[PDB]
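Participant: Below is one structure. I have some questions about it.
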Amino acid sequence: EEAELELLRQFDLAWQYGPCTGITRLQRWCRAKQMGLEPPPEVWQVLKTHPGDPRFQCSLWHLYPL
Amino acid sequence: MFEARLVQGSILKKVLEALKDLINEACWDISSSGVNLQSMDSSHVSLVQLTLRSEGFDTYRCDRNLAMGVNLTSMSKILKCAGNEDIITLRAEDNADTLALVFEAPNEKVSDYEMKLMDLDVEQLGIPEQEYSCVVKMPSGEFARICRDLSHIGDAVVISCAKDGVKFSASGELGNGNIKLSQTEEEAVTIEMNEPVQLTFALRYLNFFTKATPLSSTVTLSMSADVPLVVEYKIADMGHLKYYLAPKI
Amino acid sequence: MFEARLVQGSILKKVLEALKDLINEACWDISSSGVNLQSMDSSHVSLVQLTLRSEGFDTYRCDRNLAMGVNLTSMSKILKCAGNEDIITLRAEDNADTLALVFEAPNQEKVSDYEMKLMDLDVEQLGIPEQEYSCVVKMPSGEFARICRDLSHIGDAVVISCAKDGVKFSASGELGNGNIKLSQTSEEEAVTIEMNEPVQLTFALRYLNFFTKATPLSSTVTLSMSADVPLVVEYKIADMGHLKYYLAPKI
Amino acid sequence: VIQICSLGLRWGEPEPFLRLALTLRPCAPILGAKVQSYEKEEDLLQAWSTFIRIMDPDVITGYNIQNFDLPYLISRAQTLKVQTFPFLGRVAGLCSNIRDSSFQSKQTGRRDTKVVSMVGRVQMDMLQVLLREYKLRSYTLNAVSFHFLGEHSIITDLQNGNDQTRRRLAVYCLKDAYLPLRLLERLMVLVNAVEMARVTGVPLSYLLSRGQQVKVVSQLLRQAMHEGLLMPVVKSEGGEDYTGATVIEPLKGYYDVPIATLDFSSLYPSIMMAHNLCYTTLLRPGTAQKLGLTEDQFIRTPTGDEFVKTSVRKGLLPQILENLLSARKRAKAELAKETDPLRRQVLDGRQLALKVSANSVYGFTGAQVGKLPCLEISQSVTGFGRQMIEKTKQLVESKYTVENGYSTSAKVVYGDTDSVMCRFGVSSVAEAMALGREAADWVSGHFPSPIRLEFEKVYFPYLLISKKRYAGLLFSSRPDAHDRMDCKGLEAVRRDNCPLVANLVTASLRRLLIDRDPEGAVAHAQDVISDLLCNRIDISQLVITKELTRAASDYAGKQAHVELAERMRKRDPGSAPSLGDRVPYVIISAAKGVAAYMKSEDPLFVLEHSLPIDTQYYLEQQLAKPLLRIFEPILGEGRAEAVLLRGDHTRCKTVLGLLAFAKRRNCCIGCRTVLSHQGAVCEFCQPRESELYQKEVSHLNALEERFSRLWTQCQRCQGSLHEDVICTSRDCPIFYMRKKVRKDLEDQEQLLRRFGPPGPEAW
DNA sequence: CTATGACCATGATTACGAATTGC
DNA sequence: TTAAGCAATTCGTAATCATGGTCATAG
Ligand SMILES: Cc1cn([C@H]2C[C@H](O)[C@@H](COP(=O)(O)OP(=O)(O)OP(=O)(O)O)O2)c(=O)[nH]c1=O
Ligand code: SF4
Ligand SMILES: [Zn+2]
């Protein structure tokens, strides 16, 4: 923790995985894996050792009335 | 077609003066089980729940489940054109949006009014039944004076239910004070306790809740952990009237 | 440690109801003689002397010559929260600058325990003269209030003529002149105009309305006047002591 | 400070020549601009100071650079210990400093600004130019860019990310830094500033700091050296007021026969010109005596003074006024040959400025707190004004009458201190125009020169409500049929109200004056009130704005906007309204009826926290009384009952801590009877179900069509079709109108799942 | 157990300041 | 040391004044 919260914030702004501020984080991870762009096997291995926490399993701007 | 007839119009006038300040619009759910109502206040803080059971109306007739939309100010103005001894009948169609009220004096004078209803798009809410753990049954006059007397000091009040009795405290810029009450027919204060309670509620809502004091002699206060305080009144072989208010955090 | 009780306690409600419209503050002098209050008015025309002996109380403990100050109208708003049959109890610590009021019930089931904070006071204090009052009148308080209020709807200030046979309450106004005459009546409803030498004086009728705020405060009202001196109206607080309102006269 | 972005041009060339952007992390290249990157902020501030020394610009502009940008840079350079930053000026050994200043007048109000010292260079913040010249509703860059052209915590994670995010941030910053240049060259700011400095004779820094006194002092001194006079110093605190202008009593109502308007042009400067009024020719009451020559040596005024004829002296204020009048005449002669509309209004702005200068010459005389007051002159001016307008009204109503061979005796309906609205009688616009031109040219021949009356318009029809409140339709020629409406004073040009009310007043006067159909007007006002009560009106139409003036007058009595401003937020005690700006608010519903200052809230706070709206406040306090102003004079008091009955057929249709403890009782779609079970239809109203499904799928169909038109408009206003939209612009109707249709669709989609599915889905 | 006016409570009228626009 | 003028209409808040519903106690 506090290092796992920057890896996800770095996965969320890389443009080669998609334009993602409307959906979940694991849905975008599996969308890129289907098309197989290059999802890395570390943004998966922190979404498995946690429960349904809203500060891991949510996009950066999931507040913010946009 | 709906038609009811009730001999004690005074009960109707007391219930309509319970609510004309807290609520401006309501929907009456007319059924074959009685006349039942739920509403929120205008401030979106408190809940009212009113039940007039079907038996206590001394001449009942309801064909089909209705829903009437009533502006409570115009109805409260109409029900003060009827003295305290009259006999009140309600007449409604199942195709119309206009209600008829006929007041029958117990002596040569009969009166009849027609009032236009309105269509409203409100949503109906309710309550679930759980066991509140502090159960107070107290005189209504003492509760009215206690709320009205603490009101001049400050605006919150803390209710403190302990073993032998309950204790109400309130503060403000001109100081603070409490009132005790202890276990010792209707002038008694019966106190059932399993877990002790201490909670805080604002006074403007309580001074709204104590407007319906002529409906009964005693009042029932129910408390539990972190739930909305319930204020309950009973109307004799007619039904009941409940207000609901949430605690401060 | 001051701790005092009063069973027929409606009198305190009654005095502070007739105190708060006059003045905004009071200099409460607690001595071993009891509870006293000398205080001027706000308009520099009048004065209140309240004396409450200890023998008019029930149960008493005074260990200090306390000299405190009360903001009156907030204390009256607190006194509005207790009935008249209810027992009034006061408690005071000579280091803790607060007043602890205890309202007991006659059925003892409702207990009240209120607290008002203190504020400092440097109030002026003058002594009344003692002299001969050429006219002392014993009157019913309700009739007196009725008469001066009946004069309030004519004009503003009253002229009084105090003599042997009758007494003459006259006034002018925007509708003209009027006057009512009284005489002695040959225990509470009895009147008496005890007189040596007849006089004429000017007084303010609005301050008579202010002074008749203590109408339910006694058996009889006493009206004491002489030449060019403060009128003292007296309400004898029954079995307790007395309240005297001084009004410096007009020119 | 993480990014600085700069644009530079030579004046006269239609594009810039320099485009630079300096960032603080490594970035990605932008076509058309240079990009440099640094790993520390000291290098960034040093690089900007060296660039600003080497390019050496004449003028520095921006938007809110005075009160935000330059003191932020100066304080940030002081904190990080960089010694060589604050030398931005032209003199080689001088450092710059922050200094407060205030300005106040009854014309622009009071404003408090900081200044930063730059010797040699000139500053033009475009915000201060807008706030001084223009009277608008919001003064944000988005609002004035829409009005003239047509358009913090997210940025901190666009900068802590990657370098294409930083490239997006730099393109945004460069568009921001480019907009005030376009506004400066499009609005003809600098050309008018240079012409103002050449006509008045004051420097170019005084037209951004001072008022209208230094210019008239300057022109009077420049005219005083040519005859050898010296100015005195009189100062007095304080004289009394004098009597201003007359207004003629109306004949109120609705007119449908044409009224022609005749007015005087440049009234007070021509009074001061053609009766030889000046400081330097004011005759004291004794110095006429004991000479007795009254005739053609002096004159007498209605207030009482005596003033010398022009055969002895020429005043100084006639000559200054004559120069200003010729400059404005040349500006109008240039304006009479434009075809573009925005260019036509900016030349109108130039001539408006020169007329304001000429009238402030007269207003200099009566200012008892000033530098040289002579209230005798002011009284003579307004006395001559009153005398001449009553002369106009007597003459116009007296000559053209039934006995004098004409058709109908005319009757004046209105006059306000420079104009006369005479009602002639004919209902043909050609004959009214002909007689009105004859009347203007006839009456003008009873005066000295340059006093002239002129025809200006014909109103047909006309609507007169009170003093300083009227409306009409505008005719310039006859075969030029009609131009527009005129709304003098009414509820459509003031800014103290809601957009909903001003829009309703404009649409009602449109349907009522152009098409002459009161039934569509009643149906329109009914639909507005019905859609108000049914809770389908956007919150853009509900926002009220008020100006936060000096704090002691707002100490004297409790207001709504002052209460909202002085109540800080928990989020930000560092961004709040200051003195001089505008506070926006809406009114929410509560039960504290003694105070409308206890129900006011920020629009963004009621957005994010979802508080309800007081529809009865907006119904009886905002809407109702302007409508009763407008709709009554065409009919009687059965018209008040007609609109209050239009309301009455439509008032009976209203839409609706403890809120979490819901039960969510279902209800019959046909007859609204709460009942156990989830089926949509009631057992008595079960047959009629195909019609009840038919009804409401044409509502889902129309919500679907509104979702798509809005959420793809943001993609075209943003620029890109492949990346996310981030624009929470509070001055755009687009924002928060795109937020509620998501919830309408969320609700209306779930109401139709009460009905089953129209088929399987797992086959 | 029942008249009478004194007492509390709620609504109609006036006054004045603030804001903004027309000449 | 610094600042162009007057006329008029509209709306909100607190204070002033009118009037009825309870009530409290003397008959
Ligand atoms: C607008 C305005 C008018 N006035 C006075 C002077 C003017 O002579 C008089 C007439 O007002 P305006 O008609 O507004 O101005 P104007 O007549 O001088 O010029 P034009 O007809 O070409 O538009 O009102 C002022 O003193 N100060 C002002 O700001
Ligand atoms: S909300 Fe959409 S349309 Fe409105 S300003 Fe923002 S991007 Fe443009
Ligand atoms: Zn049904």
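Participant: Name the single residue, out of those in the stretch C:100-123 being closer than 22 Å to C:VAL45 by Cβ and in contact with a strand residue (DSSP E or B) (Cβ under 6 Å, 6 or more places away or on another chain), that is nearest to the other protein chains (Cβ to nearest Cβ). Quick ask: steps written out before the conclusion?
Facilitator: Pass one, the stretch C:100-123, residues closer than 22 Å to C:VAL45 by Cβ: C:121-123.
Filter once more, keeping what is in contact with a strand residue (DSSP E or B) (Cβ under 6 Å, 6 or more places away or on another chain): C:121, C:123.
Numbers: C:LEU121: 18, C:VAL123: 21 Å.
Here the answer is C:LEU121.
Participant: Find the residue count for the stretch B:48-86, including only residues that are assigned to a loop (DSSP other than H, G, I, E, B) and farther than 21 Å from B:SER111 by Cβ.
Facilitator: Total meeting the criteria: 8.
Participant: Looking at (1) crowded, with 17+ Cβ neighbours inside 10 Å; (2) assigned to a strand (DSSP E or B); (3) within 14 Å of another protein chain (Cβ to nearest Cβ), find the lone condition where B:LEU241 falls short.
Facilitator: (3)
Participant: Here is a follow-up. Considering only the stretch D:419-538, give the strands (runs of 3 or more DSSP E) lying wholly within it that have at least 3 residues that are within 16 Å of DNA strand E (Cβ to nearest atom), over 24 Å from D:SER407 (Cα atoms) and within 25 Å of the chain's Cα centre (by Cα).
Facilitator: D:453-466, D:469-475, D:485-488
Participant: Something else: Considering only residues of the stretch A:1-57 that are among the basic types (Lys, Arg) and away from chain D (no Cβ under 14 Å), which is surrounded by the fewest Cβ atoms within 10 Å (Cβ to Cβ)?
Facilitator: Only one residue tops the list, namely A:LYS48.
Participant: Looking only at the stretch D:641-665, which residues are loosely packed, with under 15 Cβ neighbours inside 10 Å and either assigned to a loop (DSSP other than H, G, I, E, B) or within 16 Å of DNA strand F (Cβ to nearest atom) (or both)?
Facilitator: Once the filter is applied, which keeps residues that are loosely packed, with under 15 Cβ neighbours inside 10 Å and either assigned to a loop (DSSP other than H, G, I, E, B) or within 16 Å of DNA strand F (Cβ to nearest atom) (or both), the stretch D:641-665 yields D:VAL655, D:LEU656, D:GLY657, D:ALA662, D:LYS663, D:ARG664, D:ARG665.
Participant: When you scan the stretch C:181-189, do you find a residue that is over 18 Å from C:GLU143 (Cβ atoms) and not hydrophobic (A, V, I, L, M, F, W, C), even just one?
Facilitator: Checking the stretch C:181-189: not a single residue is over 18 Å from C:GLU143 (Cβ atoms) and not hydrophobic (A, V, I, L, M, F, W, C).
Participant: I'd like to check something: does the stretch D:432-441 contain any residue that is closer than 17 Å to D:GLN387 by Cβ, of a type in the set (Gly, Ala, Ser) and within 16 Å of ligand 1 (Cβ to nearest atom)?
Facilitator: No, that holds for no residue.
Participant: A follow-up question, please. If you take the residues in the stretch D:525-561 that are surrounded by 17 or more Cβ atoms within 10 Å (Cβ to Cβ), under 27 Å from D:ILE634 (Cβ atoms) and not β-branched (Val, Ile, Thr), which one is nearest to ligand 2 (Cβ to nearest atom)?
Facilitator: D:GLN541
Participant: Which one of the conditions (1) within 14 Å of chain D (Cβ to nearest Cβ); (2) within 30 Å of B:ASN71 (Cβ to Cβ); (3) among the charged types (D, E, K, R) does B:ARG148 fail to meet, given that it meets all the rest?
Facilitator: (1)
Participant: Looking only at residues in the stretch B:167-220 that are among the hydroxyl-bearing types (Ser, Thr, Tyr) and in a helix (DSSP H, G or I), which one is nearest to the other protein chains (Cβ to nearest Cβ)?
Facilitator: B:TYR205
Participant: Here are the criteria: (1) surrounded by 13 or more Cβ atoms within 10 Å (Cβ to Cβ); (2) more than 27 Å from D:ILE271 (Cβ to Cβ). Tell me which single one D:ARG484 does not satisfy.
Facilitator: Every condition holds for D:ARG484 apart from (1).
Participant: Something else about it: Scanning the stretch D:359-399 for residues that are in contact with a helix residue (DSSP H, G or I) (Cβ under 7 Å, 6 or more places away or on another chain) and more than 30 Å from D:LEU220 (Cα to Cα), which turns out farthest from ligand 3 (Cβ to nearest atom)?
Facilitator: Looking at residues that are in contact with a helix residue (DSSP H, G or I) (Cβ under 7 Å, 6 or more places away or on another chain) and more than 30 Å from D:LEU220 (Cα to Cα), I get D:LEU395.
Participant: Taking into account only those residues within the stretch D:263-293 that are over 29 Å from the mean Cα position of the chain (by Cα) and assigned to a strand (DSSP E or B), which is farthest from DNA strand F (Cβ to nearest atom)? Step through it out loud before you land on a result.
Facilitator: Here is the first cut: in the stretch D:263-293, the ones over 29 Å from the mean Cα position of the chain (by Cα) are D:270-293.
With the extra rule that they be assigned to a strand (DSSP E or B), the set shrinks to D:282-283.
Numbers: D:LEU282: 19, D:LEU283: 24 Å.
Top of the filtered list is D:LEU283.
Participant: Cβ-Cβ below 6 Å, separation at least six or inter-chain, first residue in the stretch D:204-225 and under 20 Å from D:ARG111 (Cβ atoms), second of a type in the set (S, T, N, Q): which pairs?
Facilitator: D:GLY211/D:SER105; D:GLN212/D:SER360; D:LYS215/D:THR200
Participant: Might you check whether a residue that is part of a helix (DSSP H, G or I) and either within 16 Å of DNA strand E (Cβ to nearest atom) or within 30 Å of D:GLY679 (Cβ to Cβ) (or both) occurs anywhere in the stretch D:710-733?
Facilitator: no
Participant: Right, another one. D:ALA680 - would you say it is under 30 Å from B:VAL35 (Cα atoms), more than 14 Å from chain B (Cβ to nearest Cβ), outside any strand (DSSP E or B) and not β-branched (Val, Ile, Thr)?
Facilitator: yes
Participant: I need a count of the residues in the stretch D:710-755 that are more than 20 Å from D:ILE537 (Cα to Cα), more than 10 Å from every other protein chain (Cβ to nearest Cβ) and either within 16 Å of ligand 1 (Cβ to nearest atom) or among the small types (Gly, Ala, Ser) (or both).
Facilitator: 1
Participant: A further question on this structure: Of the residues D:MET273, D:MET231, D:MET225, which is closer than 25 Å to D:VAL199 by Cβ and buried (at least 18 other Cβ atoms within 10 Å of the Cβ)? It would help to see each step written out before you state the result.
Facilitator: Values: D:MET231 fails: buried (at least 18 other Cβ atoms within 10 Å of the Cβ); D:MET225 fails: buried (at least 18 other Cβ atoms within 10 Å of the Cβ).
Within the list D:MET273, D:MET231, D:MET225, the selection yields D:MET273.
Participant: With respect to the numbered conditions (1) out of contact with any strand residue (DSSP E or B) (no Cβ under 8 Å at 6 or more places or on another chain); (2) of a type in the set (A, V, I, L, M); (3) in a strand (DSSP E or B), which one is the sole condition not fulfilled by D:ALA260?
Facilitator: (1)
Participant: Would you please name the residue that is nearest to the other protein chains (Cβ to nearest Cβ), looking only at residues in the stretch D:581-630 that are in a loop (DSSP other than H, G, I, E, B) and in contact with an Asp or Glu (Cβ under 7 Å, 6 or more places away or on another chain)?
Facilitator: Of all residues in the stretch D:581-630, those in a loop (DSSP other than H, G, I, E, B) come to D:581, D:589-599, D:602, D:610-612, D:614.
Narrowing the set further to residues that are in contact with an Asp or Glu (Cβ under 7 Å, 6 or more places away or on another chain) leaves D:589, D:597, D:599, D:611.
On the way: D:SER589: 7, D:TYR597: 18, D:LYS599: 11, D:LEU611: 9 Å.
Among those that are in a loop (DSSP other than H, G, I, E, B) and in contact with an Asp or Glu (Cβ under 7 Å, 6 or more places away or on another chain), it is D:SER589.
Participant: Here's another thing I want to ask about it. Search the stretch D:645-666 for residues that are facing chain B (nearest Cβ under 7 Å) and pair each with any residue that is aromatic (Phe, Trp, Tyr) when their beta-carbon atoms are under 8 Å apart and the residues are at least 6 apart or on different chains.
Facilitator: D:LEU658/B:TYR244
Okay, residues lined up against (1) within 16 Å of ligand 2 (Cβ to nearest atom); (2) under 30 Å from D:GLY363 (Cα atoms); (3) not β-branched (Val, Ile, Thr):
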residue: D:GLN66; (1), (2), (3): no, no, yes
residue: D:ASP69; (1), (2), (3): no, no, yes
residue: D:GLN107; (1), (2), (3): no, yes, yes
residue: D:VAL116; (1), (2), (3): no, no, no
residue: D:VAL119; (1), (2), (3): no, no, no
residue: D:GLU151; (1), (2), (3): yes, no, yes
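Participant: A further question on this structure: Only helices (runs of 4 or more DSSP H) wholly contained in the stretch D:129-199 count here; list those with 3 or more residues that are away from DNA strand E (no atom under 16 Å from the Cβ) and either of a type in the set (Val, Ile, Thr) or surrounded by fewer than 15 Cβ atoms within 10 Å (Cβ to Cβ) (or both).
Facilitator: Helices (runs of 4 or more DSSP H) meeting the threshold: D:155-159, D:163-186.
Participant: Taking the condition within 14 Å of chain B (Cβ to nearest Cβ) and either within 16 Å of ligand 1 (Cβ to nearest atom) or among the basic types (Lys, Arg) (or both), does D:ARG706 pass?
Facilitator: Criteria not met by D:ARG706.
Participant: Loosely packed, with under 14 Cβ neighbours inside 10 Å and more than 14 Å from chain D (Cβ to nearest Cβ), is that true of B:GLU142?
Facilitator: No, not satisfied.
Read-outs throughout are calculated quantities, based only on the coordinates presented, and are distinct from any laboratory measurement. Positions of Cβ are generated from backbone atoms using ideal geometry, with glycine treated the same way; all protein chains shown enter the neighbour counts.
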